[PDB]
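Okay, here we've got a single chain as structure tokens, the form deposited in one PDB entry, with questions on binding and movement later.
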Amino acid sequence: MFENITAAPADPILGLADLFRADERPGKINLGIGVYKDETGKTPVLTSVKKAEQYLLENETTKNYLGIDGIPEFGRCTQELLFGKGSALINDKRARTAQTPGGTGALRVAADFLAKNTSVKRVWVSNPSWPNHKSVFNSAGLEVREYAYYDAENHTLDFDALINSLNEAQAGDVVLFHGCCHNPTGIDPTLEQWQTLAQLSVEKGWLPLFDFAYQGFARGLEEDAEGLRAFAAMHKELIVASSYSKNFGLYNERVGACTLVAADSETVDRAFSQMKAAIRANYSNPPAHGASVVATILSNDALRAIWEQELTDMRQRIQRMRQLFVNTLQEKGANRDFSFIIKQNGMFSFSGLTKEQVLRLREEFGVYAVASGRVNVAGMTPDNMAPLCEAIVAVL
């Protein structure tokens, strides 16, 4: 049965990491990383998370299964983060949340739910996006179409091209939006652009699917949800796939949520029953440890305060590296405009370098970016910035 199976395409993540490990040069620098790193080049466990884990160790008395949709407090805290305390969506009980194994698990649960219970056949994804978006939706039997997004000339949002692209989307298609910190570009709509998109989505009959993996990494928790909330104010229906991997540094514990919104409580409860069926037939019920940490933190004034400051620390270090990168490139004689790096939000940006320049950076200088261009600015430090920028100037 297995003798003729075609191998999957080589894992480019595995992968780039393997090449970097094998590189016997210093100072080699890895900007192809997929997680936050601090100024020491580590991805520590957050202190708020360690404190929560100690509390769980002391107080847990069973590992009995969670419900299919997970910890109720986790759901409530998630909806407040998404929509705001006192939101009409919450007051009117229009939203149901399932705790999922990561943001990815939430995307797949959303996809399976839509494929099996609606007429949805197609999901529109930005060009570019996280490569796993297409894999997730295709796995559920859904077609993926791309819409224009990145202006490679100006390093900005090509808003006219975006709108023109999405004119080809039919009523009943899904359109995927990154809530904040677009991956890989770091280019987000302005609030007014979000409002324009919200109105257009209503007029054209799109179902919005928000991927919200970086709440708190652009400007702040509430500000980063402005776009989502502009959509929520305008739509009867939407889905949010959110992740706590990055903003709690809980990557490997698989902590995310799929939030379903419908016109009223009866409708969302009925629809959610089928979302729970899609979960049951996948991984049955979700992993408790990571989500319990998140619920424990978000529902406690003291732990939440520590966590919010740790997240602010990450956000600020990322912005400091963006600024230091631009300043240092100028000082090392790049002699061209990289100011777009300061405007972009989150860990990831396109550098504006070509695929051949990226290859040259790897081969000749031991500087590693994702082949297709994504650089993680959290791989930058004050200590490695000068050689990093000297290498970049050398391939310009």
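Here, rigid core means the biggest group of C-alpha atoms that superpose within 1.5 Å across both forms. Quick note: we count residues from 1 along the sequence shown, nothing fancier.
One more form of this protein should be noted, the form deposited in another entry, which is absent from this view; the next part is about it.
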Superposing on the rigid core, is the CA of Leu361 displaced by 2 Å or more between the shown form and the other one? yes
Is the shift of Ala334 between the shown form and the other one large enough to count as movement, that is, does its C-alpha move by 2 Å or more after the core is superposed? yes
Cα of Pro26 displaced 2 Å or more between the shown form and the other one, core superposed? yes
